[PDB]
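In the structure tokens that follow, a single protein chain appears in two forms: structure 1, then structure 2.
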Structure 1
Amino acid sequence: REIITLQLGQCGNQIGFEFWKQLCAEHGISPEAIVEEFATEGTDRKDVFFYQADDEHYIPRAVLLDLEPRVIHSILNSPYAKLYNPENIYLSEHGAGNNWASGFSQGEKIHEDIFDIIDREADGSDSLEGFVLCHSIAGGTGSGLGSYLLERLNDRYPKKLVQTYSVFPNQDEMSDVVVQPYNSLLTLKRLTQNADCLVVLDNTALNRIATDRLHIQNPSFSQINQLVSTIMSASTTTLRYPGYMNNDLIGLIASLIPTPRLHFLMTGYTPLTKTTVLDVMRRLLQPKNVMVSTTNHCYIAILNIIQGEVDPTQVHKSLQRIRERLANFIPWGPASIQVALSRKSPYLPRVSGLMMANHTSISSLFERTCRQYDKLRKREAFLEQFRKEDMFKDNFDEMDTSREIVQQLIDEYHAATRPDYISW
């Protein structure tokens, strides 16, 4: 079951690039897309993310879109320039200029060009499972164009799953672009209504990790994106190897998200700074290892992907300790903790783990966005550029509607922490 990856704007294209470089390494594929001599056979399944053009040639099922040339041009001048399908790269002359409404309106104008690439890649798939969107929620392209695409995919491919990797801004990034709470809230509306699973990538927490744990003072996007490609790579493990019948994309979502509307996941990772499976799983629960910055709140579900050689007789003990001890779960159903045992790629130069968690404290992130938006909105601050666009020419009803949809999301999260979430 194929997955098509859509990369939007500076952020989405820059994190997409690291993700595909990482997958190439793992799947024994060269920067030019040619099977490595040592990798003619393997345990891995390339079919999901890569198209097989030849016996020896592999192309990413990836669509690259931006409204500015910079990032796509960097990629086309890199050692990985030949990897991507040149017909899958779209670049618009016309930027989104840090404005959601401009990015969104630009989507409308460039619809047919975008979906000539998407439709072709979809119709070229034997059994398409769904789409992965990589983007920032705070800029102009990843927010506006991303939001346009989410609505369009919902109508054009109603039976396909949409998973996103959505980057939430830093405080430094928030203060630099004053309209970000608007772009963010507007994007959160489509992430709430038009995505099946959203992996929250939080620049605040990612920066904190790079400084406190990796000891990198003043971390660049390149360095931050190393942690990002690690999450994205680790979280697609069960899709990239055979034998995880219960954890194809449909299966992953079902277990992590038994609550359809509460589909925002946070990630944990170890080692960030002799090790057993008990240690790895204990570490994944430590707040300092959790990659979003957020009593009462609880786990809806946990999936630990554990990579490396482990004593599998000890997995029960680790899981059970977590149920009966660090980990607070929903009061209206059983504790849902699952493990997927994996081995590290033999092509790579140790035991590690990724936690994918559905935790209600994620709402505090959306609460913050709502507070920053309210401070601006209730002074009609910085709305002039939005007004110049079609969606906001007459009024800001689209904003008031986004605001209420995100409030309904937040309300459901708090309600999920209580036994009365189910009236029985």
Structure 2
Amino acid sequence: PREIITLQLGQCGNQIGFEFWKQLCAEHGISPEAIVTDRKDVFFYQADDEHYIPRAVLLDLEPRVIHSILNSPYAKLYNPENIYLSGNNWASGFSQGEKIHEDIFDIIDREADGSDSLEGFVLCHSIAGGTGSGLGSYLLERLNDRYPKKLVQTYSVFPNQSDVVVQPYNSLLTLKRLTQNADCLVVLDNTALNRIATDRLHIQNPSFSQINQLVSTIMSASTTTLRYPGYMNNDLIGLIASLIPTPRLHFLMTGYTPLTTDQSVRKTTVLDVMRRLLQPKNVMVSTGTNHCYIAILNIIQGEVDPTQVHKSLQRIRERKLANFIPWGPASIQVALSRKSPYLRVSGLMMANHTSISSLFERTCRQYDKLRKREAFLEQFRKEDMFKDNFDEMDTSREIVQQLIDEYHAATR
């Protein structure tokens, strides 16, 4: 009975958000407007007309994308007063936030009021880009003050592997606000998203639409214990806490099992489901010994019987399929959630793994390069960049890579 307000920034933020609500809607029997026991309250609000609307906030610096949603089959769903429209650069993005502060928080504070027990905020956005990273980083810094206790989680979209030129810039500046101004970071690697769409799906030119179909599934599954509540795992923090033992290190990777087909099989049990959630080919992140997990969560939908589950774990302990940390209790959690009373096993993984730092590394290597040449610094140094906050960020980020690597050490 805890609420979650969702912030959607920039094209990416709003296009994966579009898919997210399209999916939650199908599951809670809600139409592109309203209705036809699950907890709808967590993500939905009761309309003053016995109808339903999402606790969502569409924020963009360009009209193109929001008007796509508005001129679509889901225009009636969104709360009209929760949509806001005001530049390629993080700086430009961080800037326009301060300028639109009051207008933005009028919507955020109002939704915050409606809730009777607000747990926290979820921010959907991309790391590269201007809006997502810039306006995203600003909001992240403000939420950390206007609401000190409320938890903050994000589904952050990492670029593919350019054609923006300064992604490594926007990216570093944001990774900083994601390290200290965020409780939980579900990382969505566009590179890994592609490989899948392409391989385990056979699409030569995977579009964002297509790609966001995957993201929607993870976003959807990773919240099933909150929408189809049980005794344990009903708090968002009930999950995040079990996945993040120490702060800072809160960058999680995900993975899904039943990804394709329609061709039938002889038998699919929770066994091969958990076994697969451990094969890197299903892990939606791209990494390239020593590294290990810090925690692992497995959410299974459909029939199961918690006896079969004890058996799958054993086979794993003996087949050395999961390399956990060396400095402590190596354990994978299982949560048997239901599905919606509308259209076999299904599995979603959420792991806090060490090799996640690779992306942070892969970014600094790029930042550094472009930095050592004063590349494109002219467009950013066009607004309160008469010196360097870049240096502050890079160092912070190097800290994240230091502890994530420091975490695979038995010494830790």
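Each residue is numbered by where it sits in the sequence of structure 1, with counting from 1. C-alpha atoms forming the largest set that superposes within 1.5 Å between two forms make up the rigid core.
The comparison between structures 1 and 2, aligned on the rigid core, picks out a single residue among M391, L383, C370, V48 whose CA moves by 2 Å or more, and that residue is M391.
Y244 shows a C-alpha shift of 2 Å or greater between structures 1 and 2 [criterion: core-superposed Cα displacement of 2 Å].
With the core superposed, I410 shows a C-alpha displacement of at least 2 Å between structures 1 and 2.
After superposition on the rigid core, the Cα of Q338 moves by less than 2 Å between structures 1 and 2. If you overlay the core, the Cα of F131 moves by 0.2 Å between structures 1 and 2. On a core-based overlay, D400 has a Cα shift of 5.1 Å between structures 1 and 2.
Superposing the rigid core and comparing between structures 1 and 2 gives a CA shift of 1.2 Å at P260.
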